[PDB]
Structure formats: C-alpha cells, structure tokens
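Asker: For reference, the structure I am asking about is given below.
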Amino acid sequence: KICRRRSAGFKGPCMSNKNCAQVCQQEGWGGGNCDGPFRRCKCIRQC
C-alpha cells in the first residue's frame, strides 16, 4: 500500500517537488510531489 494523500498544512503553491517533500517528511510522509500546475502537494508513504 501506497498512501498518496494531500498535505493538510501546506497552504498554496508548492512550486517544486522538493518543497512539497520537505513539509511531508515533517508531516509523517516518506516523500512527496507537487501536482498539476504546482499548487497541490501530494505525498507518498507506504501503508
């Protein structure tokens, strides 16, 4: 199981994968990518 949920904390344009991933590592996720036109931060974990 791949948990691909959106960052509840990261309000607005994530702009880069790295920025998204950093907040997600804080917020209990193994990584994350910055989705679409780089607003939504959607983060990876193994469930």
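Naming scheme: A, B, ... for chains in displayed order of the structure tokens; residues 1 onward per chain; ligands 1 onward as shown.
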Run DSSP on the backbone of this structure and report the residues of chain A it assigns to alpha helix (DSSP H), as a short mmCIF file (atom, residue, chain, number, x, y, z; two decimals) with N, CA, C and O atoms, in the first residue's frame.

Answerer:
data_model
loop_
_atom_site.label_atom_id
_atom_site.label_comp_id
_atom_site.auth_asym_id
_atom_site.auth_seq_id
_atom_site.Cartn_x
_atom_site.Cartn_y
_atom_site.Cartn_z
N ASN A 17 8.65 19.86 -6.35
CA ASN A 17 8.66 18.55 -5.68
C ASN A 17 9.40 18.53 -4.33
O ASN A 17 8.80 18.18 -3.31
N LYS A 18 10.55 19.20 -4.31
CA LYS A 18 11.44 19.25 -3.14
C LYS A 18 10.79 19.97 -1.95
O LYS A 18 10.72 19.41 -0.85
N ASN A 19 10.19 21.12 -2.23
CA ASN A 19 9.40 21.90 -1.24
C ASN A 19 8.24 21.12 -0.62
O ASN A 19 8.15 21.00 0.60
N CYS A 20 7.46 20.45 -1.48
CA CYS A 20 6.39 19.53 -1.08
C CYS A 20 6.90 18.40 -0.16
O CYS A 20 6.53 18.32 1.01
N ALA A 21 7.90 17.68 -0.68
CA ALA A 21 8.58 16.56 0.00
C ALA A 21 9.15 16.89 1.39
O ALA A 21 9.02 16.09 2.32
N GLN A 22 9.67 18.10 1.55
CA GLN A 22 10.24 18.57 2.83
C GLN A 22 9.19 18.71 3.95
O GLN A 22 9.35 18.13 5.02
N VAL A 23 8.06 19.35 3.62
CA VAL A 23 6.92 19.52 4.54
C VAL A 23 6.32 18.16 4.91
O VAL A 23 5.98 17.90 6.05
N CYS A 24 6.23 17.29 3.90
CA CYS A 24 5.72 15.93 4.07
C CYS A 24 6.57 15.01 4.96
O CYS A 24 6.02 14.36 5.84
N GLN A 25 7.89 15.16 4.87
CA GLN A 25 8.82 14.48 5.81
C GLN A 25 8.64 14.92 7.27
O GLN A 25 8.62 14.09 8.16
N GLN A 26 8.35 16.20 7.45
CA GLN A 26 7.90 16.77 8.75
C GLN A 26 6.55 16.17 9.19
O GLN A 26 6.39 15.73 10.32
#

Asker: Could you name the residues that touch stretch 41-47 of chain A at 6 Å or less, counting only C-alpha atoms, but leaving out those on the same chain fewer than 4 positions away, as a list in words?

Answerer: residues 1, 2, 3, 4, 5, 6, 7, 20, 29, 30, 31, 32, 33 and 34 of chain A

Asker: Tell me which protein, DNA and RNA residues are within 10 Å of residue A:37, counting only C-alpha atoms, leaving out same-chain ones fewer than 3 positions away, and put them as a list in words.

Answerer: residues 13, 14, 15, 34 and 40 of chain A

Asker: Output N, CA and C atoms of each residue in that selection to a file, as a PDB file, in the first residue's frame.

Answerer:
ATOM      1  N   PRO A  13       0.728  27.315  -3.363  1.00  0.00           N
ATOM      2  CA  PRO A  13       1.669  26.829  -4.406  1.00  0.00           C
ATOM      3  C   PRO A  13       2.959  26.201  -3.848  1.00  0.00           C
ATOM      4  N   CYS A  14       3.016  24.873  -3.946  1.00  0.00           N
ATOM      5  CA  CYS A  14       4.220  24.090  -3.563  1.00  0.00           C
ATOM      6  C   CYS A  14       5.457  24.341  -4.435  1.00  0.00           C
ATOM      7  N   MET A  15       5.205  24.653  -5.709  1.00  0.00           N
ATOM      8  CA  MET A  15       6.143  25.077  -6.771  1.00  0.00           C
ATOM      9  C   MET A  15       7.215  24.105  -7.255  1.00  0.00           C
ATOM     10  N   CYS A  34       4.685  17.608  -6.204  1.00  0.00           N
ATOM     11  CA  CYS A  34       3.930  18.845  -6.408  1.00  0.00           C
ATOM     12  C   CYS A  34       3.148  18.726  -7.726  1.00  0.00           C
ATOM     13  N   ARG A  40      -1.048  21.821  -5.600  1.00  0.00           N
ATOM     14  CA  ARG A  40      -1.326  20.684  -4.694  1.00  0.00           C
ATOM     15  C   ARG A  40      -0.112  19.808  -4.423  1.00  0.00           C
TER      16      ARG A  40
END

Asker: Which residues in chain A does DSSP call strand (DSSP E or B)? List them as an MDAnalysis selection string.

Answerer: chainID A and resid 2:6 31:35 40:46
